[PDB]
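Here the structure comes first, spelled out in structure tokens, and everything after it is commentary.
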Amino acid sequence: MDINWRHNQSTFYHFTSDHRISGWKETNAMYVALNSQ
Amino acid sequence: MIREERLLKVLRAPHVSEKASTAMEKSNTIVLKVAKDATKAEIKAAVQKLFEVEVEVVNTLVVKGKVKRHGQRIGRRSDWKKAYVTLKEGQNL
Amino acid sequence: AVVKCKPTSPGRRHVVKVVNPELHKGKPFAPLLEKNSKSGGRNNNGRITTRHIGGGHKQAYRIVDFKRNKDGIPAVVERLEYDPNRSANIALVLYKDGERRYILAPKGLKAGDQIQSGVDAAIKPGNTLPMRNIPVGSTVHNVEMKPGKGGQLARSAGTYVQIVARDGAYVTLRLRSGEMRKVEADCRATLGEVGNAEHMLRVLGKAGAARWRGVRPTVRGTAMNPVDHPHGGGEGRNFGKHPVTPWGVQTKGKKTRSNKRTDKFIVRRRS
Amino acid sequence: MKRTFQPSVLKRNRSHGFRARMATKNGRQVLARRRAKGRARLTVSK
RNA sequence: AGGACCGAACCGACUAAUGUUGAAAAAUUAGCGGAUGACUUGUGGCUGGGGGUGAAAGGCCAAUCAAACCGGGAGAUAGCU
RNA sequence: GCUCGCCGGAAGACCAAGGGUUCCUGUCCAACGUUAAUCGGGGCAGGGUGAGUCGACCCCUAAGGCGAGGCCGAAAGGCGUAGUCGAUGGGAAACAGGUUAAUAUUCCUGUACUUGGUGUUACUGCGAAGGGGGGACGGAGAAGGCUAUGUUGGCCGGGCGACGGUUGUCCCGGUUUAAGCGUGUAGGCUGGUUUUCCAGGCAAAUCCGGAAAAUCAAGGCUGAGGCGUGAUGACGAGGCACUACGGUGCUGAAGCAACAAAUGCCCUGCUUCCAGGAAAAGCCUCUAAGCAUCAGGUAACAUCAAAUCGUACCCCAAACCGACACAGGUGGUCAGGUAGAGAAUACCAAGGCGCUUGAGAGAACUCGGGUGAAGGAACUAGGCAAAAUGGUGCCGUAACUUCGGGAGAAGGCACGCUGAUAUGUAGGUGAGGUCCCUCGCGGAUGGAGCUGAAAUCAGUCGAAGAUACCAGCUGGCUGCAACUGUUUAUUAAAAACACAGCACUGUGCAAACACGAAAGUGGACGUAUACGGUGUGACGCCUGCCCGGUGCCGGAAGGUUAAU
């Protein structure tokens with residue numbers, strides 16, 4: 001359980017996805033930034 | 001011919017179970033654990049010459065070893081080989 | 001015979017076929033066939049060296065006799081066949097000693113027709129013979145460039161080469177290019193012109209026809225990004241550059257012959 | 001959805017197996033580092 | 001006959017709604033396009049990082065791509081926090 | 001255990017890949033199981049995988065890998081000849097029934113087949129990393145002959161029935177049988193046989209190829225299925241005797257015919273079309289060197305051998321890939337009934353499941369749905385969403401057009417059930433009988449029986465007959481793109497990319513060009529009617545002027561101009 005918890009905390013450490021906050025969290029930040037311009 | 005020094009090392013134990021038992025008491029076949037590298041000619045010759053009976057035909061399967069564990073330490077057992085030795089009409093053992 | 005297809009279903013609207021009723025409907029002659037594996041345009045390094053190649057139909061190679069070595073033995077043309085590896089058709093011929101060979105089919109040549117290779121051959125279309133024995137001003141195909149080597153000039157369909165001069169050990173040849181080239185006069189050549197001229201009149205009609213001759217699509221350079229092709233980029237259509245290959249060498253004019261070894265043999269470049 | 005690891009034993013072995021590490025200079029250096037690090041299984045064989 | 005027509009398998013992914021700490025790190029449901037072809041699929045093989053491949057989008061190259069991943073130079077450098 | 005619901009071209013069954021004991025039995029409930037658990041794919045122990053014929057190994061090869069020498073390269077190393085590996089392909093052979101809690105084409109019963117070794121006997125020219133054949137192989141389409149399978153009748157066994165009727169044009173069930181061996185059919189292909197001669201198949205050849213004759217008109221090859229045997233056997237609905245009520249033994253009737261019919265088989269066929277459709281071995285043949293009263297070949301018989309590894313279990317999934325017992329992904333094989341064109345769809349059979357939290361209540365609100373007065377886009381960025389349309393036959397159908405289309409334009413009418421025509425027709429199939437015989441798996445006649453649309457007329461029911469499910473909304477003007485396609489895996493499917501077609505330009509073959517310190521390889525076993533690059537992008541009418549700038553091509557006089 002401890003090994004699975006360390007690896008499953010280590011899941012989104014090297015991500016790329018920009019529309020999702022922290023790799024996973026859905027948001028509207030594309031529209032927020034885009035409307036700020 | 002097969003040398004007798006080879007031919008003694010092949011048979012290893014008689015196999016006791018209920019499939020073995022019904023094979024003896026129903027179809028003349030004695031089931032026995034053999035050497036892992038033992039061919040069917042060696043098992044046939046070794047039952048011909050070590051229990052002095054007449055063997056009709058041998059059928060050999062190989063049984064895979066079970067991964068057991070002690071405590072939190074695993075281990076596979078060990079593969080062995082099982083020979084279904086079908087005797088002729090005149091036999092005892 | 002060229003035939004416009006009737007325009008049922010687009011795709012057939014613009015197709016022109018070149019049908020030939022005298023080609024053999026059936027299997028080719030087997031012991032002159034061999035495996036011809038398709039490459040994809042890719043060398044022994046795996047890399048695409050020639051672009052736009054790949055797919056298409058499976059093809060078997062046909063050993064065509066370009067050398068024409070059986071001299072003095074006559075041969076009757078057994079039949080004409082479709083060859084997938086070429087523009088022209090191939091004639092299967094039967095020599096008098098019982099050896100069949102495929103040759104390139106010249107223009108007039110039908111089934112049941114005598115051809116004959118060698119020095120003392122009659123001058124009539126189909127006979128391969130050395131060019132010191134052919135008259136000047138004769139159409140001639142399947143020309144050798146080195147004696148004994150095999151034919152390499154005028155092999156593609158409807159193509160001939162005219163012999164214009166016999167100055168010494170050399171014959172001046174008007175190649176189909178328009179180029180005047182000197183060839184050694186001991187080089188064999190086959191009389192007549194090679195015979196499927198109407199090949200150039202077909203029109204293919206759709207995209208998949210090109211695809212089934214093994215010609216993958218051609219992305220044009222200006223549609224790419226600048227990292228890909230020198231033409232690249234630009235906010236709608238934007239050319240602005242002198243037209244080049246994908247490797248920067250000027251297309252549209254720039255001469256790319258450098259031999260210096262065979263410049264002796266070129267009397268006049270093409271025009 | 002079709003994930004990246006679609007297993008095949010024959011491609012596992014032809015690709016990353018022992019006879020294929022030993023087949024070249026750099027795979028032998030791979031095996032040398034795995035032995036030197038001291039590793040229970042060197043290649044992926046079975 | 002047909003890169004033919006309608007339409008299942010099969011391939012896809014046009015719209016909407018849900019979902020958005022999901023059942024799912026891209027789906028479900030209802031409709032939707034192709035469906036004998038430039039189709040689709042299984043098994044194997046080949047191409048490799050300023051390199052591949054690209055019916056071209058800077059797309060794709062193991063959930064990573066205006067230059068992969070791993071290890072090293074390496075405690076780079078950081079007049080900045 | 002009885003009911004109820006769900007899937008049933010799957011949510012059934014069998015595998016491959018992948019996993020690796022999850023399989024089966026006994027036992028335990030700590031943790032794992034989104035709850036409880038006596039249960040479990042959990043814990044512990046024991047058991048379980050039986051092969052000459054299935055698969056692998058093996059023989060042969062494709063793509064491709066590796067590669068003695070070799071060519072090449074600062075070194076590492078690249079390429080590659082001989083070779084050697086490499087299946088996803090080619091190559092010998094087994095089927096039915098029974099059995100275990102758990103394996104079975106493997107065990108048992110019955111009946112078989114294949115390939116090698118050895119021995120005997122009879123005849124005898126055998127012999128290759130060599131020659132020839134063969135293996136040997138496309139897309140589409142069309143029927144014909146069959147079968148699997150199903151339906152109905154006959155037969156056989158059982159029932160006469162909780163509620164009106166049910167001894168009959170009644171109800172329920174069964175009606176199965178293989179490989180192998182023998183026969184040779186519906187098809188399909190090909191003229192056959194004998195003699196002589198030859199510049200071909202690196203040599204040889206009796207084989208192949210070729211050229212002459214002569215004669216006969218048939219022979220040969222291949223082939224589904226049927227039929228006979230296998231099989232007076234097995235299986236068989238059910239009864240009988242004991243019954244650790246789990247079953248265990250014994251016995252066992254009929255076991256036929258007609259029709260329908262595949263996407264399976266004849267068929268690797270046939271017709272056709274361009275886009276012109278693997279290789280090598282096994283196999284059959286020919287001989288060379290050699291061996292020639294020997295060895296070897298062929299045939300019969302006998303005898304021996306056929307090793308090794310896999311075999312459990314899941315396999316559209318709770319066992320594989322997805323961190324999960326995850327609404328996702330995952331190749332092949334089998335494919336019953338009724339309605340239906342159908343593998344759609346509805347309801348069902350075989351079979352398998354009810355999705356590992358439940359009990360209530362019946363607020364707002366959210367999600368998925370049903371219906372809605374009058375109105376009917378007034379909503380809105382926009383008819384988004386929903387509603388509507390929807391089948392078959394017949395009538396009918398405009399502009400425009402590349403003469404194909406548009407077109408399913410548009411718009412209509414008919415549709416159930418019953419009866420008659422006709423105790424079910426047209427059609428399909430086709431027995432007994434009869435006739436002939438080159439006599440049988442034959443052809444001619446004949447129509448019993450079975451199957452069976454579709455139409456008209458008459459009648460009848462309902463509000464409604466395409467009644468459910470399933471199943472086009474239509475028309476008008478216009479921009480872009482000719483069209484089918486492709487693309488931003490994961491906010492963009494588009495007018496963008498592609499495309500056929502056009503043009504310009506390079507390229508004479510050791511081609512230009514590309515990958516490569518090089519060797520080499522692709523271009524291409526191609527040769528200018530070809531190949532590469534660039535732009536434009538079907539088709540129709542067309543494509544005007546400018547060479548001063550930048551580029552390219554050509555020129556060589558003069559100026560300037562490096563190493564030396």
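Following the order of the structure tokens, chains are lettered A, B, ..., residues in each are numbered from 1, and ligands are numbered from 1.
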Wanna dump the chain A-chain E contacts at 12 Å for me, each residue with its shortest atom pair and the distance in Å to one decimal, counting only C-alpha atoms (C1' of nucleotides), ordered by chain and number, as JSON lines?
{"residue": "A:11", "atom": "CA", "partner": "E:25", "partner_atom": "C1'", "distance": 9.7}
{"residue": "A:12", "atom": "CA", "partner": "E:25", "partner_atom": "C1'", "distance": 9.1}
{"residue": "A:13", "atom": "CA", "partner": "E:64", "partner_atom": "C1'", "distance": 11.6}
{"residue": "A:14", "atom": "CA", "partner": "E:64", "partner_atom": "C1'", "distance": 8.0}
{"residue": "A:15", "atom": "CA", "partner": "E:64", "partner_atom": "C1'", "distance": 7.2}
{"residue": "A:16", "atom": "CA", "partner": "E:64", "partner_atom": "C1'", "distance": 6.9}
{"residue": "A:17", "atom": "CA", "partner": "E:25", "partner_atom": "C1'", "distance": 9.6}
{"residue": "A:20", "atom": "CA", "partner": "E:25", "partner_atom": "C1'", "distance": 9.9}
{"residue": "A:21", "atom": "CA", "partner": "E:25", "partner_atom": "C1'", "distance": 11.9}
{"residue": "A:22", "atom": "CA", "partner": "E:25", "partner_atom": "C1'", "distance": 11.1}
{"residue": "A:23", "atom": "CA", "partner": "E:25", "partner_atom": "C1'", "distance": 7.8}
{"residue": "A:24", "atom": "CA", "partner": "E:25", "partner_atom": "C1'", "distance": 6.4}
{"residue": "A:25", "atom": "CA", "partner": "E:21", "partner_atom": "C1'", "distance": 8.5}
{"residue": "A:26", "atom": "CA", "partner": "E:20", "partner_atom": "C1'", "distance": 6.2}
{"residue": "A:27", "atom": "CA", "partner": "E:20", "partner_atom": "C1'", "distance": 8.6}
{"residue": "A:28", "atom": "CA", "partner": "E:20", "partner_atom": "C1'", "distance": 11.1}
Using the selection just defined, write its residues with N, CA, C and O atoms as a PDB file, in the first residue's frame.
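result_1.pdb written:
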ATOM      1  N   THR A  11       2.282  10.504  -9.964  1.00  0.00           N
ATOM      2  CA  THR A  11       1.642  10.285 -11.262  1.00  0.00           C
ATOM      3  C   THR A  11       1.730  11.498 -12.181  1.00  0.00           C
ATOM      4  O   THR A  11       2.027  11.339 -13.376  1.00  0.00           O
ATOM      5  N   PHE A  12       1.491  12.701 -11.646  1.00  0.00           N
ATOM      6  CA  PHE A  12       1.457  13.911 -12.517  1.00  0.00           C
ATOM      7  C   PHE A  12       2.603  14.844 -12.274  1.00  0.00           C
ATOM      8  O   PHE A  12       2.454  16.035 -12.284  1.00  0.00           O
ATOM      9  N   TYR A  13       3.771  14.283 -12.041  1.00  0.00           N
ATOM     10  CA  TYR A  13       4.953  15.057 -11.780  1.00  0.00           C
ATOM     11  C   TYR A  13       5.596  15.499 -13.066  1.00  0.00           C
ATOM     12  O   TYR A  13       6.151  16.588 -13.104  1.00  0.00           O
ATOM     13  N   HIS A  14       5.545  14.691 -14.118  1.00  0.00           N
ATOM     14  CA  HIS A  14       6.078  15.097 -15.433  1.00  0.00           C
ATOM     15  C   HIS A  14       4.928  15.035 -16.421  1.00  0.00           C
ATOM     16  O   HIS A  14       4.697  14.023 -17.087  1.00  0.00           O
ATOM     17  N   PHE A  15       4.192  16.137 -16.497  1.00  0.00           N
ATOM     18  CA  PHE A  15       2.981  16.225 -17.317  1.00  0.00           C
ATOM     19  C   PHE A  15       3.270  17.259 -18.387  1.00  0.00           C
ATOM     20  O   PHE A  15       4.350  17.864 -18.413  1.00  0.00           O
ATOM     21  N   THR A  16       2.302  17.439 -19.278  1.00  0.00           N
ATOM     22  CA  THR A  16       2.358  18.500 -20.289  1.00  0.00           C
ATOM     23  C   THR A  16       1.060  19.280 -20.476  1.00  0.00           C
ATOM     24  O   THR A  16       1.124  20.403 -20.986  1.00  0.00           O
ATOM     25  N   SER A  17      -0.088  18.714 -20.073  1.00  0.00           N
ATOM     26  CA  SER A  17      -1.402  19.185 -20.526  1.00  0.00           C
ATOM     27  C   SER A  17      -1.725  20.578 -19.967  1.00  0.00           C
ATOM     28  O   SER A  17      -1.688  20.789 -18.752  1.00  0.00           O
ATOM     29  N   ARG A  20      -5.686  21.572 -18.718  1.00  0.00           N
ATOM     30  CA  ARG A  20      -5.923  21.010 -17.393  1.00  0.00           C
ATOM     31  C   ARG A  20      -4.892  21.557 -16.429  1.00  0.00           C
ATOM     32  O   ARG A  20      -3.688  21.476 -16.688  1.00  0.00           O
ATOM     33  N   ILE A  21      -5.372  22.104 -15.323  1.00  0.00           N
ATOM     34  CA  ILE A  21      -4.508  22.567 -14.248  1.00  0.00           C
ATOM     35  C   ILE A  21      -3.875  21.341 -13.573  1.00  0.00           C
ATOM     36  O   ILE A  21      -4.569  20.358 -13.300  1.00  0.00           O
ATOM     37  N   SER A  22      -2.558  21.446 -13.341  1.00  0.00           N
ATOM     38  CA  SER A  22      -1.707  20.399 -12.756  1.00  0.00           C
ATOM     39  C   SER A  22      -1.736  19.063 -13.499  1.00  0.00           C
ATOM     40  O   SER A  22      -1.468  18.024 -12.891  1.00  0.00           O
ATOM     41  N   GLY A  23      -2.064  19.094 -14.802  1.00  0.00           N
ATOM     42  CA  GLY A  23      -2.195  17.904 -15.633  1.00  0.00           C
ATOM     43  C   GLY A  23      -3.572  17.315 -15.681  1.00  0.00           C
ATOM     44  O   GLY A  23      -3.919  16.659 -16.663  1.00  0.00           O
ATOM     45  N   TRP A  24      -4.381  17.503 -14.649  1.00  0.00           N
ATOM     46  CA  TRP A  24      -5.638  16.768 -14.543  1.00  0.00           C
ATOM     47  C   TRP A  24      -6.878  17.644 -14.272  1.00  0.00           C
ATOM     48  O   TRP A  24      -7.956  17.341 -14.787  1.00  0.00           O
ATOM     49  N   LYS A  25      -6.739  18.710 -13.473  1.00  0.00           N
ATOM     50  CA  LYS A  25      -7.890  19.463 -12.992  1.00  0.00           C
ATOM     51  C   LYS A  25      -8.488  20.283 -14.114  1.00  0.00           C
ATOM     52  O   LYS A  25      -7.798  21.132 -14.707  1.00  0.00           O
ATOM     53  N   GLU A  26      -9.776  20.052 -14.369  1.00  0.00           N
ATOM     54  CA  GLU A  26     -10.488  20.807 -15.401  1.00  0.00           C
ATOM     55  C   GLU A  26     -10.787  22.224 -14.903  1.00  0.00           C
ATOM     56  O   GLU A  26     -10.976  22.419 -13.729  1.00  0.00           O
ATOM     57  N   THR A  27     -10.804  23.203 -15.799  1.00  0.00           N
ATOM     58  CA  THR A  27     -11.000  24.590 -15.418  1.00  0.00           C
ATOM     59  C   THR A  27     -11.600  25.363 -16.616  1.00  0.00           C
ATOM     60  O   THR A  27     -12.014  24.735 -17.585  1.00  0.00           O
ATOM     61  N   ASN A  28     -11.596  26.701 -16.532  1.00  0.00           N
ATOM     62  CA  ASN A  28     -11.911  27.593 -17.626  1.00  0.00           C
ATOM     63  C   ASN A  28     -10.758  28.597 -17.875  1.00  0.00           C
ATOM     64  O   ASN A  28     -10.976  29.740 -18.346  1.00  0.00           O
TER      65      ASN A  28
END
>> Run DSSP on the backbone and tell me which residues of chain B come out as alpha helix (DSSP H); list them as a PyMOL selection string.
In response: chain B and resi 4-9+18-27+40-50
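Using only C-alpha atoms (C1' of nucleotides), the part of chain F that sits within 6 Å of chain D is made up of residues 321, 328 and 329 of chain F.
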Those selected residues, please, written with C-alpha atoms (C1' of nucleotides) and delivered as a PDB file, in the first residue's frame.
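And here's out-v9.pdb as it stands now:
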ATOM      1  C1'   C F 321      -3.703  -3.849 -21.939  1.00  0.00           C
ATOM      2  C1'   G F 328     -12.827   1.837 -22.222  1.00  0.00           C
ATOM      3  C1'   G F 329      -9.405  -1.310 -25.721  1.00  0.00           C
TER       4        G F 329
END
> Which residues, written as number ranges by chain, have at least one atom at most 7 Å from residue D:45, with only C-alpha atoms (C1' of nucleotides) counted and residues fewer than 4 positions away on the same chain left out?
Replying inline: D: 13, 17-18
>> Would you pick out the contacts of residue E:2 at 8 Å or less, using only C-alpha atoms (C1' of nucleotides), so that residues sharing its chain but fewer than 3 positions from it are not included, and give the list as a PyMOL selection string?
In response: chain C and resi 8-9+12
Chain F residues near chain B within 9 Å, closest pair each, using only C-alpha atoms (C1' of nucleotides), as JSON lines:
{"residue": "F:21", "atom": "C1'", "partner": "B:66", "partner_atom": "CA", "distance": 7.1}
{"residue": "F:47", "atom": "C1'", "partner": "B:17", "partner_atom": "CA", "distance": 7.4}
{"residue": "F:48", "atom": "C1'", "partner": "B:19", "partner_atom": "CA", "distance": 8.9}
{"residue": "F:49", "atom": "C1'", "partner": "B:61", "partner_atom": "CA", "distance": 7.5}
{"residue": "F:50", "atom": "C1'", "partner": "B:59", "partner_atom": "CA", "distance": 5.2}
{"residue": "F:51", "atom": "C1'", "partner": "B:59", "partner_atom": "CA", "distance": 8.6}
{"residue": "F:100", "atom": "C1'", "partner": "B:19", "partner_atom": "CA", "distance": 8.1}
{"residue": "F:107", "atom": "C1'", "partner": "B:27", "partner_atom": "CA", "distance": 8.9}
{"residue": "F:108", "atom": "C1'", "partner": "B:27", "partner_atom": "CA", "distance": 7.9}
{"residue": "F:307", "atom": "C1'", "partner": "B:39", "partner_atom": "CA", "distance": 8.0}
{"residue": "F:308", "atom": "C1'", "partner": "B:39", "partner_atom": "CA", "distance": 8.3}
May I have the selected residues written with C-alpha atoms (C1' of nucleotides), as a PDB file, in the first residue's frame?
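Heads up, here's the output in part-v3.pdb:
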ATOM      1  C1'   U F  21      -2.419 -22.112 -11.093  1.00  0.00           C
ATOM      2  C1'   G F  47      -5.200 -32.658  -6.119  1.00  0.00           C
ATOM      3  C1'   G F  48      -5.192 -31.690 -11.341  1.00  0.00           C
ATOM      4  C1'   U F  49      -2.705 -30.715 -17.466  1.00  0.00           C
ATOM      5  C1'   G F  50      -1.620 -38.239 -20.317  1.00  0.00           C
ATOM      6  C1'   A F  51      -0.773 -37.425 -28.038  1.00  0.00           C
ATOM      7  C1'   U F 100     -13.008 -37.418 -14.182  1.00  0.00           C
ATOM      8  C1'   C F 107      -7.509 -41.946 -21.166  1.00  0.00           C
ATOM      9  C1'   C F 108     -11.019 -46.213 -22.379  1.00  0.00           C
ATOM     10  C1'   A F 307      11.429 -38.895 -29.519  1.00  0.00           C
ATOM     11  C1'   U F 308      10.957 -33.723 -26.941  1.00  0.00           C
TER      12        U F 308
END
> If we count only C-alpha atoms (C1' of nucleotides), what is near residue F:486 at a cut-off of 9 Å, once residues fewer than 4 positions away on the same chain are taken out, given as a ChimeraX atom specification?
Replying inline: /E:55 /F:497-498
Give me a file of those residues, with N, CA and C atoms (P, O5', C5', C4', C3', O3' and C1' of nucleotides), as a PDB file, in the first residue's frame.
ATOM      1  P     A E  55       1.759  11.531 -46.274  1.00  0.00           P
ATOM      2  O5'   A E  55       0.542  12.272 -47.023  1.00  0.00           O
ATOM      3  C5'   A E  55       0.653  13.636 -47.586  1.00  0.00           C
ATOM      4  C4'   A E  55      -0.717  14.194 -47.816  1.00  0.00           C
ATOM      5  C3'   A E  55      -1.609  14.168 -46.600  1.00  0.00           C
ATOM      6  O3'   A E  55      -1.411  15.327 -45.804  1.00  0.00           O
ATOM      7  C1'   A E  55      -2.720  13.253 -48.463  1.00  0.00           C
TER       8        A E  55
ATOM      9  P     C F 497      -4.051  23.717 -49.314  1.00  0.00           P
ATOM     10  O5'   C F 497      -3.733  22.359 -48.556  1.00  0.00           O
ATOM     11  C5'   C F 497      -2.442  22.028 -48.078  1.00  0.00           C
ATOM     12  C4'   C F 497      -2.357  20.550 -47.828  1.00  0.00           C
ATOM     13  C3'   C F 497      -2.435  19.718 -49.083  1.00  0.00           C
ATOM     14  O3'   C F 497      -1.211  19.586 -49.809  1.00  0.00           O
ATOM     15  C1'   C F 497      -3.987  18.892 -47.543  1.00  0.00           C
ATOM     16  P     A F 498      -1.279  19.507 -51.366  1.00  0.00           P
ATOM     17  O5'   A F 498      -1.948  18.092 -51.583  1.00  0.00           O
ATOM     18  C5'   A F 498      -1.306  16.839 -51.218  1.00  0.00           C
ATOM     19  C4'   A F 498      -2.265  15.719 -51.475  1.00  0.00           C
ATOM     20  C3'   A F 498      -2.734  15.590 -52.898  1.00  0.00           C
ATOM     21  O3'   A F 498      -1.815  14.796 -53.659  1.00  0.00           O
ATOM     22  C1'   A F 498      -4.551  15.493 -51.409  1.00  0.00           C
TER      23        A F 498
END
